[PDB]
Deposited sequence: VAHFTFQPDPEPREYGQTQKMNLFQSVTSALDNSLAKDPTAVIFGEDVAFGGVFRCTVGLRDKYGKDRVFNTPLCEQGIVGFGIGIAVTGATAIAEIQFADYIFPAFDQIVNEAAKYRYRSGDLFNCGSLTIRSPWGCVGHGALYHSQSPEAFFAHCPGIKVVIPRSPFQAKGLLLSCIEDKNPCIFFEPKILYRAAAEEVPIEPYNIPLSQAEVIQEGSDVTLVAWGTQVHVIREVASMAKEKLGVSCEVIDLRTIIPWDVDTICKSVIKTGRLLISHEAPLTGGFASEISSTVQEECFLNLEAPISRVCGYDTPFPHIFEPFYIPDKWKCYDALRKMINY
């Protein structure tokens, strides 16, 4: 693996990321009788087991399969939410979200604004597996968050672990705005830690500083947080460099203040993501940080991203912004 996963609220049980998602969904339907879950193959428990047992527990009218049609799944979910009922849509891979792009961007995101708040689809959440998986190639590996980041009126949220996933997913489900929740699929089985059995929330639009540091700020989300955590370890050991490691968590609206506060302290910033460099969300963070922290920045902000190509099958190990590519970029930025 290109990464290693490392691991108050009542009783906890060890859960992997798919189980934490099921736990979030189970808690949601238990406490909200309007809530339904639907999409391709969710009835038997889903192709990544995220809905196992839920149809048996809650009923076929509440956890059900749709026809194979993403523009339909999202339009359908919007219409449920228009009536005020919680609609938890699944899109089977984030790579196949694009047929629904018009329903998300022209409809869901704009529903409240364009009606003057006479109607809304706030009770819609769209959840979808995301990010690389070792051999997913062009259409089972994508990270589409930057496409959505340019659309006012939706929220886009990506967890890094089972504890994070359940708390952020419950927040998405309960938030009064259409949310896209991207689940890093490589972590579905790989990442396991203690997760509260009962519901709890983690706030949206809030980054988490998972390791304090003084020489450089590192920002990522999803699986890539584990890569930069290792990079922080490599930098300490090899270079005597102290890294502040931040998980952004919410792509939009993003926590500008937490990132700027960090860079004001450290003077240096490296942002990394699996998605291609050009038009990637690191561009928005880098621009903004430059605008707010100009006088504090000691070196150009570094972006270590996927290359500007489609996501390859056999070349995956060479494509991803792995710990060595991040480390090397950091080293140069430290030397700057």
item: Unmodelled intervals of the deposited chain, in order; value: 1, 9-13
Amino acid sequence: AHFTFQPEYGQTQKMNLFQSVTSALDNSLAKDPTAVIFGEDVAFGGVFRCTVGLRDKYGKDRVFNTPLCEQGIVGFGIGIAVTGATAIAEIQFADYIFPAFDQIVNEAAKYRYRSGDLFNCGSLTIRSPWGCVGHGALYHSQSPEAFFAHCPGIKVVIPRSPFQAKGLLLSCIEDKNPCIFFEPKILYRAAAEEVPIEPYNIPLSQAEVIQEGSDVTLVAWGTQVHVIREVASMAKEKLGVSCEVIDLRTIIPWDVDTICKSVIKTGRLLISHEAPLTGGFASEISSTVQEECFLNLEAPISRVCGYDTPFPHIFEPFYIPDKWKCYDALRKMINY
From here on, numbers count along this sequence of modelled residues.
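Superpose the two forms; the largest set of C-alphas matching within 1.5 Å is the rigid core.
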query	finding
Stretch with larger C-alpha RMS deviation in 8 other deposited structures of this protein, core superposed, 183-191 versus 246-254	183-191
Missing-residue flag, residue 5, threshold a third of other entries	yes
Given 319-327 and 9-17, the range whose Cα B-factors average higher in the PDB entry	9-17
Segment of higher mean CA temperature factor, 66-74 or 281-289	281-289
Residue with highest C-alpha B-factor in the PDB entry, from 311, 48, 38, 294	294
Residue of maximum C-alpha B factor among 83, 211, 92, 164, per deposited coordinates	211
Chain third (lowest, middle, highest) by recorded CA B-factor, residue given as residue 234	highest
Third assignment of residue 114 from its chain's C-alpha B-factors	lowest
Entry-reported Cα temperature factor of residue 215, expressed as the chain third it lands in	highest
Record-listed C-alpha B factor of residue 196: chain third	highest
Among modelled residues of the same chain, the CA temperature factor third for residue 160	middle
